[PDB]
Every structure is written in structure tokens, then in C-alpha cells.
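S.K.: so I pulled this structure from the PDB, and the sequence comes with it:
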Amino acid sequence: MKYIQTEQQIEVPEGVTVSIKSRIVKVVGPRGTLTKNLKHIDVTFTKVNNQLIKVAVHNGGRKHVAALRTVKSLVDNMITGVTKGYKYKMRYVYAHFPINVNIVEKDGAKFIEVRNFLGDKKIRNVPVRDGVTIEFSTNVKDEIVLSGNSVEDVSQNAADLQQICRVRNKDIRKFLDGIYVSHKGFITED
RNA sequence: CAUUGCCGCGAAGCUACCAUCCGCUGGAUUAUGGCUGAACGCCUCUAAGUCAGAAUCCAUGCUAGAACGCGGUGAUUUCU
Ligand SMILES: [Mg+2]
Ligand SMILES: [Mg+2]
Ligand SMILES: [Mg+2]
Ligand SMILES: [Mg+2]
Ligand SMILES: [Mg+2]
Ligand SMILES: [Mg+2]
Ligand SMILES: [Mg+2]
Ligand SMILES: [Mg+2]
Ligand SMILES: [Mg+2]
Ligand SMILES: [Mg+2]
Ligand SMILES: [Mg+2]
């Protein structure tokens, strides 16, 4: 169809600075800073009144309009992640063998070590990505809390811990074992 | 002498899974499982982007070295 103009809104709240040269977006707030290279898209950003940035596609087909609301959602994720921050909570699910996860250092690389998953002698190792801060819940039994600015970094680190603890050669309908994400939320949320 | 006459042992050399030694580790991926995320206010591994991942692939390594591919360097003829 090639719609003439599709357009989206981005609400920049009171503490946030958004800076967009060519298609590289820099979002600065109370929690740090974030950068995305959006040069694969071809949208056009325009600043209206310092609390609002439009993003537009001119003469765009169905897939090109489709990526426009993606670009809105990604910058809003950056804005949320530098104002409220991002926080994931994972619980350990085990039947018989308890799962031992402690935050570990190997050559200054800050891994996550998982011993005794299903009684495996194999120690599993997940590296902590930068920005993600691993926490172990007090007054919740067997909960790991991943916190940081990027929802891309926090959720992929929470994805990597689930993916390393998969169950092999068993019926996974019964062998329900692993570390699963229980909550996707913010840090400064109430 | 017996077309190495025959028999036992027999060094050297060659040799035998009939004897010993030795046979490397990184990256990119497929299937698949994911993250973020629209389309399609929700949902979604996919559309943009991105993670992991096979005995696969491509390197590392190993063999040859273009006899018309290349480089460094040595010496370059007389009482002739
Ligand atoms: Mg599996
Ligand atoms: Mg079986
Ligand atoms: Mg005679
Ligand atoms: Mg004789
Ligand atoms: Mg052999
Ligand atoms: Mg999802
Ligand atoms: Mg895939
Ligand atoms: Mg894709
Ligand atoms: Mg990958
Ligand atoms: Mg190598
Ligand atoms: Mg040659």
C-alpha cells in the first residue's frame, strides 16, 4: 500500500535526556546511560517540545511500518531502563537434588556457577553481562534477582541461566527442573 | 663341486597391530531452544535486531609449494 506517513510518539519524562545524531540514540537519566545504533531501520526522529520525540516513516510498506513501533518500543525500553531500571526474578525448580548457585569470579570475568543441577557433577557457568547485577533473595527461598539498565542485557542474562539448566534425555513434563523466570519488572517500582 | 648342497646359530639392513611411539584447538553456523519486539494496543524466537547451538563449515595445525607468484641476504671473474 505504501502509507504516506506513519508516526509514533515517545514520551521523555522530566529527568531524561535523549540525544539522537544520525540514528544513534543516547538516553541519559538518573540510573546511568544507554546507547543504541538504530541504523538498520531508516526511520526519522524529530524532537517536538523536550518532553516528546516523534518517529516517522515516509512512504513505508507493511514491514517498514511494522518496524516503526518496534523502534518506539526499544527507545521506551531504554528510557524506562535508565529511569526505573529493569529487574528480573528467577526461582529454582527442583524435585530431589537442590541447585547450588553462587556468584563466582573466574579471572575477573564474574561468572555464575551452577552446581548440582539434577545431581550433575558438571559445574555450569554463566557469565554476567555488564550492567546486570546479580542478587540472591533474602526472605524468598531459592530466588535469584537480575538487575540493570538494559532490558536486553538483563533478560538475555536471565535467558542464559535458564538455557544452561535444560534437562537432557528425560521427559520434561515430569523432570520440571531448572531455573525459570518468575517476574519481569522494574527496580524502582511500587 | 653339489645351479646359495643341507643343518644350527647368525650381526647389519629391511620389516610386522607379530613390535613401539604419536594423531591439535578456535571461530561461524544447521536443526533446535531463546531474548527483545512489532505487525495485530494483547500475544509471538522474526518481521528489524539479537543469544546459544551438530560428528557440519571455515580457520589453527599438518602436506606440497605457482617449475611464467613474491621477499630478505651473501659473493659477484683483469694481470684473464
Ligand atoms: Mg535439551
Ligand atoms: Mg529414556
Ligand atoms: Mg670340478
Ligand atoms: Mg658349494
Ligand atoms: Mg596401527
Ligand atoms: Mg517474549
Ligand atoms: Mg532461529
Ligand atoms: Mg530475523
Ligand atoms: Mg550466537
Ligand atoms: Mg585455532
Ligand atoms: Mg616457487
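M.R.: Right, received. Where do you want to start? Numbering: from 1, shown residues only, chains lettered A, B, ... in the order given. Ligands and ions are numbered 1, 2, ... in the order given.

S.K.: what residues does chain A have near RNA strand B?
M.R.: Residues of chain A lying near RNA strand B by CB under 7 Å from any atom of the strand: A:40-41, A:62-63, A:65-70, A:72-74, A:77, A:151-152, A:155-156, A:159-160, A:162-163, A:166, A:184. In short, each C-beta sits where N, CA and C put it, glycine included.

S.K.: restricted to buried residues, select these in ChimeraX.
M.R.: Those of those that count as buried under 16 or more other CB atoms under 10 Å are selected in ChimeraX with:
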select /A:67,68,72,74,77,151,152,155
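
S.K.: in helices, which of the residues of chain A next to RNA strand B fall?
M.R.: Those of these mapping onto helices are A:62-63, A:65-70, A:72-74, A:77, A:151-152, A:155-156, A:159-160, A:162-163, per DSSP state H.

S.K.: helix, strand or coil for the residue nearest to residue A:153 when sequence neighbours are not counted?
M.R.: Distance criterion CB to CB, 6 or more residues apart in numbering; nearest residue to residue A:153, sequence neighbours excluded, is residue A:129 at 4.7 Å. Of the three states, residue A:129 takes coil under DSSP: H, G, I helix; E, B strand; the rest coil.
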